[PDB]
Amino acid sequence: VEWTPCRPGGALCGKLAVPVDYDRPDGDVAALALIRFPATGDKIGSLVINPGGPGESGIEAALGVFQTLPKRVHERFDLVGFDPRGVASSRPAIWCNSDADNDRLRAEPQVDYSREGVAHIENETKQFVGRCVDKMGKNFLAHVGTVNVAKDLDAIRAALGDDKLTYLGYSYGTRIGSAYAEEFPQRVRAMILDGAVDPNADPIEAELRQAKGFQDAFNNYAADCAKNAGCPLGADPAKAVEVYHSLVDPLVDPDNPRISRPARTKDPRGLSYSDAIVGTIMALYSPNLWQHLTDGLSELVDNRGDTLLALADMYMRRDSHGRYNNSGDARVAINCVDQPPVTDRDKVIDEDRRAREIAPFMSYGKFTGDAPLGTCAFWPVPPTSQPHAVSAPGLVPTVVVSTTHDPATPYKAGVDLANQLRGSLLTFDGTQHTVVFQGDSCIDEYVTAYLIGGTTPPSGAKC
């Protein structure tokens, strides 16, 4: 890799060619984008991070991580972020939707699960899948999976000149982690995995555990808010779900669920039901966003939706000029090849029935007896991986950081991943998604000691 200063540090930038198909290492070639923050003291090696998603930029994440990086880590390591194949500055990038495509979906309430509703959703999905194929071609799509990201990571390891990888992965980056650890266990110097994906999970039960996570994070937010003056959800948290629906349900025409009655905003779109829900989920990633959620709900009481709409844009990565980055498109494409999709309609119908009972705050109206298949049921290329217990016997001990009320990747997922990895579990007591290098000096101390010394947290460590 030929390094260069960048387009906010002593940062250097570069590209790395990898083959699209690793069985045709002479065919089409991809170019991964890399950022690098040189160590300030005696260099142990590169610390390579990944933010998750999938579809999130590792470069963009390294720029943030740089700001909150402990002094000793920055002394001993190059901080290095990368954009996986198909993502952000890597070429070719995955694109399916235009900016107008995305807005048009987000304008719909997306709540009608009658037969006509389901047919409408599955029509938009097929058009989407066709837009992916038409812009990217089937070959590139078949090789954007984690199994091949793992192989690029070893190419990155080698190109940075490290003998063994030192790696920090968050959320989906956790799956990159275990995949690398299974194909190159003898190349792992150290590995921290924060907010765990358990690759042995049933996809439906995982989704349901996730729904339960956000309802539980919802209950936690609401109970917090109920101690505060003028809580928009009321002072009795046992009634918060109902109050919340009294605020968001009017965004949907009661005589016709396909009709949005959006809250007024200074932005021309207004606030649809689906954006209202998306902004809520966004805020339940972190108590840092609870104030914004509360503001958003308070605006709804006055039939306004500006803050909830901005939260949804943060989630959707739509900037203030209406441009989207490609994380949404990349997210879907990569998720579709990482595991076999659910194709049994009856299982998708029963999941919906259960999800409404488990996460009522996200649920509009009642169970209809029908539900749509997910985008992946229509994917034109087959999965390049599949649910299995992680098996990496020779693997160095690793740290799994799991938060007790993580809504996105629940606590028990981290416990399971640690077990399969036979590494250390470090618990954070909180309601948020991930925590490493985000303020908590305790967590950062443990992680700093592991990264430099190799010392793992004691069994039962809490922070």
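Residue numbers here begin at 1 and follow the sequence given.
- As recorded in the PDB entry, 59-67 is the stretch of 411-419 and 59-67 with the greater mean C-alpha temperature factor.
- As the entry records it, the average C-alpha temperature factor is higher for 129-137, out of 129-137 and 329-337.
- The entry assigns its greatest Cα B factor, within the set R356, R91, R318, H245, to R91.
- When all modelled residues of the chain are sorted by CA temperature factor, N303 is found within the middle third.
- Sort the chain's modelled residues by C-alpha temperature factor and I156 lands in the highest third, per the entry.
- Among all modelled residues in this chain, the alpha-carbon of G86 has a temperature factor (C-alpha) in the highest third.
- In the PDB entry, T40 places in the highest third of its chain by CA B-factor.
- Annotation for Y221: CA B-factor lies in the lowest third of the chain's modelled residues.
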